[PDB]
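Q: My questions all concern the structure below.
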Amino acid sequence: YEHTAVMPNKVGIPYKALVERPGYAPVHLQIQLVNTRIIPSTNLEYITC
Amino acid sequence: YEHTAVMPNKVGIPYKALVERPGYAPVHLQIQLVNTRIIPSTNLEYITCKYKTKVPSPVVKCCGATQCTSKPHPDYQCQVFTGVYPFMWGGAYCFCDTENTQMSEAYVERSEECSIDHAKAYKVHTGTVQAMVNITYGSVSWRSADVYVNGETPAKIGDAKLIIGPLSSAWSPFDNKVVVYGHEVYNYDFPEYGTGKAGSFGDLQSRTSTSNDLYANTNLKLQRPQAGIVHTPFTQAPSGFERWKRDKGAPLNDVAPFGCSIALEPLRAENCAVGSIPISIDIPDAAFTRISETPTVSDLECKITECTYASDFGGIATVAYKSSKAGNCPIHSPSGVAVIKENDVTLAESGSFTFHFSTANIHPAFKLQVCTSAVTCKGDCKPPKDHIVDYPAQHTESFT
């Protein structure tokens with residue numbers, strides 16, 4: 001039942017998928033990507049002023 | 001109504017057949033072959049164990065020879081020796097220098113461990129298999145009785161009389177020749193009593209533990225003691241019981257086929273799941289309910305709702321029960337496609353009650369006999385995800 005799901009990157013809205021496990025009752029999702037903060041790899045090269 | 005039934009030999013799962021007696025209400029079975037302990041016919045041929053060269057203390061004649069004789073001890077090795085000068089606590093003590101004679105003697109004897117830590121050979125025949133068959137029968141709901149397999153033995157324990165087998169699957173997992181050790185049982189071609197090559201298994205071969213006589217081919221060869229000192233060189237193979245504990249083969253409870261377990265107990269081979277058993281029971285007619293007292297259920301409907309194409313009872317199906325009276329209703333799928341967890345379902349006046357089951361065909365088209373009312377519970381099933389735990393309830397794989 002490991003519910004793989006392609007999923008649009010968009011922040012402020014849930015994505016209520018559905019678990020179709022064969023055998024037991026299905027269960028809904030509610031996946032809201034509340035944030036997409038990134039934090040790339042960087043380097044402080046020089047301050048200027 | 002003596003309900004003959006071919007029946008798969010498999011231990012840990014009931015076999016809920018259905019009594020279709022014409023005239024009175026049918027009754028379900030629940031036949032769980034809780035055990036398949038075997039106990040073949042056997043013979044204790046010889047215990048073996050590691051020797052102990054329990055040397056009798058040598059003779060030392062000081063001036064001249066002491067001829068040895070072949071005493072009847074097992075493997076009584078004895079060899080006269082001259083040319084000693086035996087240092088014993090005062091330097092030497094025998095005043096001669098070549099006429100100093102030393103007669104070494106050594107025989108083989110059972111260890112003290114031979115009584116307790118000992119391999120054990122057998123010539124193994126087939127014997128007769130057994131079982132503590134539980135039936136939580138009908139409304140009786142209980143009997144846990146020890147039975148046989150030979151197809152005329154009843155066992156009237158509880159109220160039902162039941163005749164089992166003979167099974168068709170005569171694979172005795174024991175071979176003809178077997179060695180046995182504590183609990184690890186080895187289907188080994190032990191050489192024989194009376195023959196075993198020294199070093200090889202059965203260098204010591206005693207009929208039993210008490211048996212003073214034995215066969216000790218240990219290649220026990222005495223050598224002369226060195227440089228005029230008292231001792232007894234015994235040159236000997238360490239036992240074929242010493243090896244056979246660390247250069248052995250693996251145990252039959254770890255190498256057998258068709259699913260058996262073992263004990264150093266009556267020499268059973270438990271739970272050997274193989275083949276079928278033609279089982280037949282004579283129910284007590286008192287336990288029957290007459291047909292005019294159970295609700296007639298026809299004008300019903302059956303359908304799966306979430307069929308699980310699996311082993312555990314994941315298959316389910318509501319049934320639009322359409323009863324006449326209200327009460328219990330034993331159930332069974334006469335087709336072996338579907339195996340059902342519920343033997344019996346309670347009924348109000350034409351309600352609906354789901355049961356559990358398991359199947360092996362994607363499109364389970366199995367009849368369901370709800371206390372004299374057949375119905376096809378046709379549908380479609382789903383594969384599971386989570387397959388690492390003990391053995392199934394389905395056991396019905398066929399062409400699908």
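All residue names refer to the structure tokens as shown: chains lettered A, B, ... in order, residues numbered from 1 in each chain, ligands numbered from 1 in order.
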Report as a tab-separated table (two decimals) with N, CA and C atoms, in the first residue's frame the set of chain A residues whose atoms approach chain B to within 8 Å, with distances computed over only C-alpha atoms.
A:
chain	number	residue	atom	x	y	z
A	1	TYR	N	0.83	-1.23	0.00
A	1	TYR	CA	0.00	0.00	0.00
A	1	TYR	C	0.85	1.26	0.00
A	22	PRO	N	-5.74	-2.95	-1.69
A	22	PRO	CA	-6.66	-4.09	-1.85
A	22	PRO	C	-6.77	-4.87	-0.54
A	23	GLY	N	-7.98	-4.87	0.02
A	23	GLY	CA	-8.30	-5.74	1.14
A	23	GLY	C	-8.98	-5.05	2.29
A	24	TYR	N	-8.56	-3.83	2.61
A	24	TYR	CA	-9.14	-3.06	3.70
A	24	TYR	C	-9.73	-1.78	3.14
Q: Would you pick out the contacts of residue 69 (chain B) at 10 Å or less, using only C-alpha atoms, so that residues sharing its chain but fewer than 6 positions from it are not included, and give the list as an mmCIF file with N, CA, C and O atoms, in the first residue's frame?
A:
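Generated file (result11.cif):
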data_model
loop_
_atom_site.group_PDB
_atom_site.id
_atom_site.type_symbol
_atom_site.label_atom_id
_atom_site.label_comp_id
_atom_site.auth_asym_id
_atom_site.auth_seq_id
_atom_site.Cartn_x
_atom_site.Cartn_y
_atom_site.Cartn_z
ATOM 1 N N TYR B 76 40.727 -55.580 23.490
ATOM 2 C CA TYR B 76 41.761 -55.707 24.497
ATOM 3 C C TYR B 76 43.115 -55.732 23.823
ATOM 4 O O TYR B 76 43.611 -56.793 23.438
ATOM 5 N N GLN B 77 43.712 -54.562 23.681
ATOM 6 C CA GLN B 77 45.041 -54.449 23.117
ATOM 7 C C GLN B 77 46.057 -54.595 24.235
ATOM 8 O O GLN B 77 46.002 -53.874 25.236
ATOM 9 N N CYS B 78 46.977 -55.533 24.059
ATOM 10 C CA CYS B 78 48.026 -55.780 25.031
ATOM 11 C C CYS B 78 49.265 -56.236 24.292
ATOM 12 O O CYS B 78 49.183 -57.095 23.410
ATOM 13 N N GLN B 79 50.400 -55.656 24.653
ATOM 14 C CA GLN B 79 51.663 -55.976 24.010
ATOM 15 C C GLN B 79 52.754 -55.929 25.059
ATOM 16 O O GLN B 79 52.932 -54.913 25.735
ATOM 17 N N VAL B 80 53.468 -57.038 25.197
ATOM 18 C CA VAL B 80 54.612 -57.090 26.085
ATOM 19 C C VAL B 80 55.689 -56.169 25.538
ATOM 20 O O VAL B 80 55.797 -55.945 24.325
ATOM 21 N N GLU B 105 48.731 -52.981 28.666
ATOM 22 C CA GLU B 105 47.434 -53.497 28.271
ATOM 23 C C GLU B 105 46.428 -52.366 28.322
ATOM 24 O O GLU B 105 46.427 -51.565 29.260
#
Q: Could you list, as a list in words, every residue within 10 Å of region 317-319 of chain B, counting only C-alpha atoms and ignoring same-chain residues fewer than 4 positions away?
A: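 So the residues in contact are residues 300, 301, 302, 303, 304, 305, 306, 307, 351, 352, 353, 354, 355, 356, 357, 370, 375, 377, 378 and 379 of chain B.
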Q: Got time to write the residues from that selection, N, CA, C and O atoms, as an mmCIF file, in the first residue's frame?
A:
data_model
loop_
_atom_site.group_PDB
_atom_site.id
_atom_site.type_symbol
_atom_site.label_atom_id
_atom_site.label_comp_id
_atom_site.auth_asym_id
_atom_site.auth_seq_id
_atom_site.Cartn_x
_atom_site.Cartn_y
_atom_site.Cartn_z
ATOM 1 N N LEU B 300 -31.925 -15.354 -2.043
ATOM 2 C CA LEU B 300 -30.877 -14.532 -1.470
ATOM 3 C C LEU B 300 -30.075 -13.862 -2.583
ATOM 4 O O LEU B 300 -30.439 -13.912 -3.761
ATOM 5 N N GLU B 301 -28.962 -13.237 -2.207
ATOM 6 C CA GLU B 301 -27.965 -12.792 -3.166
ATOM 7 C C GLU B 301 -26.619 -12.721 -2.463
ATOM 8 O O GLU B 301 -26.553 -12.384 -1.281
ATOM 9 N N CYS B 302 -25.560 -13.049 -3.199
ATOM 10 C CA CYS B 302 -24.193 -12.992 -2.698
ATOM 11 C C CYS B 302 -23.329 -12.159 -3.623
ATOM 12 O O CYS B 302 -23.482 -12.209 -4.847
ATOM 13 N N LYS B 303 -22.398 -11.422 -3.032
ATOM 14 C CA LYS B 303 -21.409 -10.709 -3.819
ATOM 15 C C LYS B 303 -20.205 -10.403 -2.946
ATOM 16 O O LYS B 303 -20.353 -10.062 -1.771
ATOM 17 N N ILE B 304 -19.020 -10.521 -3.539
ATOM 18 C CA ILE B 304 -17.836 -9.986 -2.903
ATOM 19 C C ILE B 304 -17.988 -8.483 -2.761
ATOM 20 O O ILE B 304 -18.799 -7.840 -3.436
ATOM 21 N N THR B 305 -17.205 -7.928 -1.872
ATOM 22 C CA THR B 305 -17.088 -6.485 -1.718
ATOM 23 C C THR B 305 -15.644 -6.031 -1.726
ATOM 24 O O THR B 305 -15.341 -4.969 -2.270
ATOM 25 N N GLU B 306 -14.745 -6.810 -1.138
ATOM 26 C CA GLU B 306 -13.312 -6.565 -1.251
ATOM 27 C C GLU B 306 -12.636 -7.930 -1.187
ATOM 28 O O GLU B 306 -12.234 -8.386 -0.117
ATOM 29 N N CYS B 307 -12.470 -8.551 -2.345
ATOM 30 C CA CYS B 307 -11.830 -9.851 -2.395
ATOM 31 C C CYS B 307 -10.329 -9.672 -2.462
ATOM 32 O O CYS B 307 -9.816 -8.930 -3.307
ATOM 33 N N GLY B 351 -31.785 -10.779 6.776
ATOM 34 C CA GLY B 351 -30.840 -9.692 6.864
ATOM 35 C C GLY B 351 -29.689 -9.864 5.899
ATOM 36 O O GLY B 351 -29.848 -10.379 4.785
ATOM 37 N N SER B 352 -28.510 -9.430 6.333
ATOM 38 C CA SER B 352 -27.303 -9.560 5.538
ATOM 39 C C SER B 352 -26.114 -9.643 6.481
ATOM 40 O O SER B 352 -26.050 -8.904 7.465
ATOM 41 N N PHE B 353 -25.187 -10.547 6.179
ATOM 42 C CA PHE B 353 -24.012 -10.744 7.020
ATOM 43 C C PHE B 353 -22.839 -11.147 6.148
ATOM 44 O O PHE B 353 -22.896 -12.157 5.444
ATOM 45 N N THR B 354 -21.777 -10.357 6.214
ATOM 46 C CA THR B 354 -20.552 -10.655 5.507
ATOM 47 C C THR B 354 -19.797 -11.755 6.233
ATOM 48 O O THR B 354 -19.869 -11.885 7.457
ATOM 49 N N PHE B 355 -19.080 -12.556 5.458
ATOM 50 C CA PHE B 355 -18.124 -13.511 5.980
ATOM 51 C C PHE B 355 -16.757 -13.220 5.383
ATOM 52 O O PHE B 355 -16.603 -12.361 4.516
ATOM 53 N N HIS B 356 -15.765 -13.953 5.867
ATOM 54 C CA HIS B 356 -14.391 -13.838 5.416
ATOM 55 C C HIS B 356 -13.991 -15.108 4.683
ATOM 56 O O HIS B 356 -14.517 -16.188 4.962
ATOM 57 N N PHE B 357 -13.056 -14.986 3.749
ATOM 58 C CA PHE B 357 -12.569 -16.162 3.049
ATOM 59 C C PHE B 357 -11.242 -15.849 2.372
ATOM 60 O O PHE B 357 -10.685 -14.755 2.518
ATOM 61 N N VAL B 370 -25.361 -22.103 1.911
ATOM 62 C CA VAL B 370 -25.811 -21.518 3.174
ATOM 63 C C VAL B 370 -26.983 -22.371 3.645
ATOM 64 O O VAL B 370 -28.151 -22.075 3.403
ATOM 65 N N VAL B 375 -25.244 -20.745 -3.920
ATOM 66 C CA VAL B 375 -25.131 -19.452 -4.577
ATOM 67 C C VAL B 375 -23.709 -19.273 -5.069
ATOM 68 O O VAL B 375 -22.748 -19.605 -4.373
ATOM 69 N N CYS B 377 -20.816 -16.832 -5.598
ATOM 70 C CA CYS B 377 -20.272 -15.555 -5.151
ATOM 71 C C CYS B 377 -19.187 -15.084 -6.118
ATOM 72 O O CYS B 377 -18.031 -14.872 -5.759
ATOM 73 N N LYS B 378 -19.594 -14.936 -7.373
ATOM 74 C CA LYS B 378 -18.690 -14.512 -8.430
ATOM 75 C C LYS B 378 -18.117 -13.135 -8.126
ATOM 76 O O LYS B 378 -18.742 -12.311 -7.455
ATOM 77 N N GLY B 379 -16.910 -12.888 -8.623
ATOM 78 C CA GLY B 379 -16.339 -11.558 -8.518
ATOM 79 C C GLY B 379 -14.899 -11.487 -8.986
ATOM 80 O O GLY B 379 -14.493 -12.206 -9.904
#
Q: Between CA of residue 106 (chain B) and CA of residue 65 (chain B), what is the distance in Å, rounded to a tenth?
A: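 Answer for the CA of residue 106 (chain B) to CA of residue 65 (chain B) separation: 18.5 Å.
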Q: Run DSSP on the backbone and grab whatever in chain A lands in strand (DSSP E); send it over as a PyMOL selection string.
A: chain A and resi 18-19+27-28
Q: Have a look at CA of residue 182 (chain B) and CA of residue 241 (chain B) and let me know their distance in Å, one decimal.
A: 13.0 Å
Q: Can you list, as a PyMOL selection string, every protein, DNA or RNA residue that comes within 7 Å of region 37-41 of chain B when you count only C-alpha atoms, leaving out same-chain residues fewer than 2 positions away?
A: chain B and resi 35+124-131+266-271
Q: Restricting it to N, CA and C atoms, dump the selection as a PDB file, in the first residue's frame.
A:
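Once written, again07.pdb looks like this:
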ATOM      1  N   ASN B  35      -1.741 -32.223  14.413  1.00  0.00           N
ATOM      2  CA  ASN B  35      -0.448 -32.882  14.380  1.00  0.00           C
ATOM      3  C   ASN B  35      -0.484 -34.062  13.421  1.00  0.00           C
ATOM      4  N   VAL B 124      14.951 -48.513  10.412  1.00  0.00           N
ATOM      5  CA  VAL B 124      13.671 -47.827  10.496  1.00  0.00           C
ATOM      6  C   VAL B 124      12.759 -48.354   9.406  1.00  0.00           C
ATOM      7  N   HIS B 125      11.637 -48.904   9.825  1.00  0.00           N
ATOM      8  CA  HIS B 125      10.539 -49.317   8.980  1.00  0.00           C
ATOM      9  C   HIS B 125       9.466 -48.226   8.993  1.00  0.00           C
ATOM     10  N   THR B 126       8.255 -48.544   8.538  1.00  0.00           N
ATOM     11  CA  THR B 126       7.278 -47.497   8.237  1.00  0.00           C
ATOM     12  C   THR B 126       6.357 -47.135   9.404  1.00  0.00           C
ATOM     13  N   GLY B 127       5.888 -48.106  10.183  1.00  0.00           N
ATOM     14  CA  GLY B 127       4.961 -47.853  11.286  1.00  0.00           C
ATOM     15  C   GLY B 127       3.670 -47.156  10.874  1.00  0.00           C
ATOM     16  N   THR B 128       3.155 -46.312  11.776  1.00  0.00           N
ATOM     17  CA  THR B 128       1.757 -45.885  11.737  1.00  0.00           C
ATOM     18  C   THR B 128       1.612 -44.477  12.294  1.00  0.00           C
ATOM     19  N   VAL B 129       1.037 -43.554  11.501  1.00  0.00           N
ATOM     20  CA  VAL B 129       1.046 -42.135  11.847  1.00  0.00           C
ATOM     21  C   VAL B 129      -0.191 -41.766  12.667  1.00  0.00           C
ATOM     22  N   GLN B 130      -0.081 -40.661  13.414  1.00  0.00           N
ATOM     23  CA  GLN B 130      -1.042 -40.255  14.442  1.00  0.00           C
ATOM     24  C   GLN B 130      -1.361 -38.761  14.326  1.00  0.00           C
ATOM     25  N   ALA B 131      -2.259 -38.281  15.195  1.00  0.00           N
ATOM     26  CA  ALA B 131      -2.716 -36.893  15.175  1.00  0.00           C
ATOM     27  C   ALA B 131      -3.614 -36.610  16.377  1.00  0.00           C
ATOM     28  N   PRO B 266       9.006 -40.470  21.132  1.00  0.00           N
ATOM     29  CA  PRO B 266       8.747 -41.713  20.379  1.00  0.00           C
ATOM     30  C   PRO B 266       9.281 -41.843  18.944  1.00  0.00           C
ATOM     31  N   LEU B 267      10.121 -40.914  18.458  1.00  0.00           N
ATOM     32  CA  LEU B 267      10.795 -40.950  17.164  1.00  0.00           C
ATOM     33  C   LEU B 267       9.798 -40.601  16.090  1.00  0.00           C
ATOM     34  N   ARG B 268       8.928 -39.677  16.439  1.00  0.00           N
ATOM     35  CA  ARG B 268       7.970 -39.180  15.500  1.00  0.00           C
ATOM     36  C   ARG B 268       8.632 -38.204  14.552  1.00  0.00           C
ATOM     37  N   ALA B 269       7.927 -37.925  13.466  1.00  0.00           N
ATOM     38  CA  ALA B 269       8.294 -36.870  12.541  1.00  0.00           C
ATOM     39  C   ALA B 269       7.040 -36.029  12.344  1.00  0.00           C
ATOM     40  N   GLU B 270       6.897 -34.996  13.167  1.00  0.00           N
ATOM     41  CA  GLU B 270       5.640 -34.274  13.259  1.00  0.00           C
ATOM     42  C   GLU B 270       5.300 -33.560  11.961  1.00  0.00           C
ATOM     43  N   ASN B 271       3.999 -33.410  11.733  1.00  0.00           N
ATOM     44  CA  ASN B 271       3.447 -32.330  10.929  1.00  0.00           C
ATOM     45  C   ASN B 271       3.882 -32.419   9.472  1.00  0.00           C
TER      46      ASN B 271
END
Q: Quick one: everything within 7 Å of residue 13 (chain B), counting only C-alpha atoms, minus sequence neighbours fewer than 2 positions away in the same chain. Send it as a PyMOL selection string.
A: chain B and resi 11+15+32+393
Q: Using only C-alpha atoms, determine which residues lie at most 12 Å from residue 33 (chain B), disregarding the query and same-chain residues fewer than 4 positions distant; provide the list as a PyMOL selection string.
A: chain B and resi 7-16+37+129-136+144-149+164+270-273+276-277+279
Q: Within 12 Å of residue 32 (chain A), counting only C-alpha atoms, which residues qualify if same-chain residues fewer than 6 places away don't, as a count of residues only?
A: 11
Q: Separation of CA of residue 298 (chain B) and CA of residue 282 (chain B), in Å?
A: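 Interatomic distance, CA of residue 298 (chain B) to CA of residue 282 (chain B): 28.5 Å.
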Q: Taking only C-alpha atoms into account, which of B:214, B:19, B:163, B:6 comes nearest residue 280 (chain B)?
A: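 Closest candidate: B:163.
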